[PDB]
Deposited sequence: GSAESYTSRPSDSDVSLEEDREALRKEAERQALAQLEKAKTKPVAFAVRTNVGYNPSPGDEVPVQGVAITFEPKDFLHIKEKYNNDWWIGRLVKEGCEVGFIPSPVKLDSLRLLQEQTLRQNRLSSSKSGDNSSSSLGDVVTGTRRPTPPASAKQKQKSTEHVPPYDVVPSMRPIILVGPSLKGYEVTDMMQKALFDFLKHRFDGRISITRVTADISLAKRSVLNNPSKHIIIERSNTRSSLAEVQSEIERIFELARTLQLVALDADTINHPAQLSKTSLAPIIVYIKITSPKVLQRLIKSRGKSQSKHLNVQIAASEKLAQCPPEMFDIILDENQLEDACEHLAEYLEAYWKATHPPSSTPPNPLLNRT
């Protein structure tokens, strides 16, 4: 019986792999259902019982994953958001938590959830050179938005966000001004990125990347940096409040920004931002997803 059942199970496992593989090919051109940012890394092992052997996706902490379908309770179908990465099998939180426990027992070693749902396209948010609401920063950011609207026409959505999305004590600030409106704007930003178009936000209340680091918006922070305090004073002529936060932005650790635009010429800064966003467009629109 032990031999006969192993033969029947091998034929059943072989057929399940063929259909699982066929389901994977269908998912190459399917729309992205949602995206997650990972808090863990995953190195697939032969014993993980992947629906198709060797076609589980490897990823690292803080990676972004585009999810296409639910295969079963243990497995999703999706891809790492990176050029050259194709759709594969991604473990669900149910599966990841069991693999994590097995590892801890093997090595004799309440975890934070491994995935956070984030927008399918990370929203672009500009910070710098100084405070928003003033002419110098507003003019330079409007110049960058106008360039993006032309360079990425038909591929980008630019929208204004007047709600304080940093509130996504803070109790007093939320009492100043409505979590309903903030949550509504958050969901609106998620919706704008659903079809994988680039999303750029004119967020009035976001002047520093620490104000939106703890959110699930996972934004692309673009730092328009005027390195010379004298040039800023020249352009301004409330200088005191403006010069202080430009100093504050310069003090920020560099890894808190995704792009630092410190080029001495504005046209070179626009090309730098355009090159970065074209690479992000490629990473989110692989050639295999278009047929």
Missing C-alpha stretches, by deposited numbering? 1-12, 122-160, 220-229, 239-240, 301-308, 363-370
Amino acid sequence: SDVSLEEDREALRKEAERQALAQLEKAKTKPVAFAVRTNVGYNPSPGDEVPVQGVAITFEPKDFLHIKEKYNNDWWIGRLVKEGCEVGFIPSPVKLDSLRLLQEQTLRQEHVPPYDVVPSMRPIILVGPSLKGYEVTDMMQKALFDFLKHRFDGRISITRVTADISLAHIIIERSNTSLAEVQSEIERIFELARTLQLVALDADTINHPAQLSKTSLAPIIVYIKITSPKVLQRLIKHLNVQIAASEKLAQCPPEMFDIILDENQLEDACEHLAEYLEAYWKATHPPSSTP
From here on, numbers count along this sequence of modelled residues.
Taking the recorded C-alpha temperature factors, which stretch has the higher mean, 32-40 or 255-263? 255-263
Could you check which stretch, 8-16 or 273-281, carries the larger mean CA temperature factor in the entry? 8-16
In terms of recorded Cα temperature factor, pick the maximum from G133, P119, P91, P113. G133
Which one of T106, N176, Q197, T159 shows the biggest C-alpha B-factor in the PDB entry? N176
Using the B-factors in the PDB entry, rank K95's C-alpha atom against the chain and give the third, lowest, middle or highest. lowest
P209 CA temperature factor, ranked by third within the chain: highest
B-factor third for the C-alpha atom of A180 within its chain: highest
When the deposited Cα B-factors of this chain's modelled residues are ordered and cut into thirds, is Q53 in the lowest, the middle or the highest one? middle
Tertile call for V241 (CA temperature factor, within chain, third-based) is the highest
